[PDB]
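Counting in the deposited numbering, the sequence shown runs from 0 upward without gaps.
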Amino acid sequence: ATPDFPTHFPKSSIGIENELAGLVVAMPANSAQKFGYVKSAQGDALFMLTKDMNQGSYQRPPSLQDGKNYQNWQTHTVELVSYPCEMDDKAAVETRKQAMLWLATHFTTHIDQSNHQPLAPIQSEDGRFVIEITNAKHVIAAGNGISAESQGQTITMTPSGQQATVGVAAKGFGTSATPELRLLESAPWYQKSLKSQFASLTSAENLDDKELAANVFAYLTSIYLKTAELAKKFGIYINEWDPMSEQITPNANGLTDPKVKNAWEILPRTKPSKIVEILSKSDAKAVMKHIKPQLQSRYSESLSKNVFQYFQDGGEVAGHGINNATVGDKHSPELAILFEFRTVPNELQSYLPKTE
Ligand SMILES: Nc1ncnc2c1ncn2[C@@H]1O[C@H](COP(=O)(O)OP(=O)(O)O)[C@@H](O)[C@H]1O
Ligand SMILES: [Mn+2]
Ligand SMILES: [Mn+2]
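Set out below in structure tokens:
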């Protein structure tokens, strides 16, 4: 079994996604995403071997007929998904990058002499890396896996197949205290002006933590307003809001549509309703009460009510979120909020492995 991602980190954390070029993985239909992992010889889990984009049904090349059942098998692109590490842990960042590059060289040899065969659980020649196979019911095939023989491909990685996910303490969003927080606050959907706006709206209120409440308000309001902007732009069905009722033609399959996720640029990966937990019951009520008018002064009553209710009931920004991540003291853990960089910016390029 592939180990689950560690959930706790002392400070800011980073995870990477690396979609490979030059090969496919074929597995039975409805198989688990994870088929293995790469760890250091010391035992530290570095990255998962996963199936990503469905490339169509698998057809075993006739010249490689082996008496085995490949019925209903599907071909997918391979994506190397790192196990998160501390952002300032130079060794852990580099080991992940080096392990990913080694596996690409291993994959290059695999498609040359073992085309249409599963990966074997092996140790690297230098002893640094170990492959663990959790699902042996898979095959690795060159290119798109139609031909029995390869085109002598070198397995590569490129910025277009790359993503990064940054995890920060939820209390820090809006503080601009660290370079990571400043980078996340630069998100085009984040409106820092909403912090001072909340302070102006709550002068007569005796709040437990005024600065924290303003930070949570700005964060949540920015997400709620962007969701309403995207629902209007892309014609998305949110809760009971019908885009067609406002003469909007749908041009996206929902909140999880790649182009909707790309429109965020810095995509929130944590359930918005989780942040309410970092505040007192009183402060959370004060924050939540002030969000509705921000939506209603910019969007229709139906869109405003539907966006507000969706996130209030624990609605996700773009599908299943990473909601169990924590930061700080191991014994008294604080909520961590995650963000996916749809395109890796210049500030995070050093965390990504490069073939060239
Ligand atoms: N605690 C965490 N801190 C930072 N990054 C994390 C954390 N947990 C998971 N990640 C990263 O989030 C990403 C999730 O990968 P994945 O499961 O394939 O998600 P998805 O299907 O939404 O693309 C990985 O790159 C992983 O390293
Ligand atoms: Mn992924
Ligand atoms: Mn992703």
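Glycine included, every Cβ here is placed at the ideal spot set by N, Cα and C.
Counted within 10 angstroms of its Cβ, other Cβ atoms place residue i as buried (16 or more) or exposed
i	result
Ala0	exposed
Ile15	buried
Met52	exposed
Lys67	exposed
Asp282	buried
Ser221	buried
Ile235	buried
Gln112	exposed
Ligand 3 heavy atom lying under 8 Å from the CB of residue i
i	result
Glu245	no
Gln32	no
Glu339	yes
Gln196	no
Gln295	no
7 Å Cβ shell around residue i - same chain, five flanking residues per side excluded
i	result
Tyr57	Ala25, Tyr69, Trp72, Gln73, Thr74, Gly144
residue 412	For residue 412 there is no data in the structure shown, the boundaries of the chain being 0 and 355.
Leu45	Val37, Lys38, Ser39, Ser81, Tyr82, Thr94, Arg95, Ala98
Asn305	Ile237, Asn238, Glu239, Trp240
Residues that residue i bridges to, as DSSP identifies them
i	result
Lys50	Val77
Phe340	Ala163, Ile265
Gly55	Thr74
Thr155	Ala20
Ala168	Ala335
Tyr36	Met47, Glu131
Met26	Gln73
Spatial neighbours of residue i in its chain, beta-carbon cut-off 8 Å, leaving aside the 5 residues before and after
i	result
residue 418	Only positions 0 to 355 of the chain appear in this structure, which leaves residue 418 out of reach.
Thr164	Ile13, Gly14, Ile15, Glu16, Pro83, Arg268, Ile321, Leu337, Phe338, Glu339, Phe340
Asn134	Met26, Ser30, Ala31, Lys33, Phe34, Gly35
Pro332	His7, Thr325, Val326
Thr104	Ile154
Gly142	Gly21, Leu22, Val23, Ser149, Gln150, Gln152
heavy atom of ligand 1 below 8 Å from residue i C-beta
i	result
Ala186	no
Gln64	no
Cutoff 6 Å; reference residue i; Cβ partners in own chain excluding five residues on either side
i	result
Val316	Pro267
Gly171	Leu180
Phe233	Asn250, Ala251, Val259
Residue i beta carbon near ligand 2 (any heavy atom closer than 8 Å)
i	result
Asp241	no
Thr49	yes
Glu85	no
Original post:
In chain order, which beta strand (DSSP E) runs of at least 3 residues are fully inside the stretch 92–147?
Top reply: 128–132, 138–141
Original post:
In chain order, which continuous runs of the alpha helix (DSSP H) of length 4 or greater are located wholly inside the stretch 270–326?
Top reply: 280–295, 300–311
Subject >> Pocket of ligand 5 (residues with CB nearer than 5 Å to any heavy atom), chain order >> reply: In the structure shown, ligand 5 is absent; the only ligands present are ligand 1, ligand 2 and ligand 3.
**OP:** Can you check the stretch 179–228 for any alpha helix (DSSP H) of at least 4 residues that lies completely inside it and give the ranges in chain order?
**Re:** 192–200
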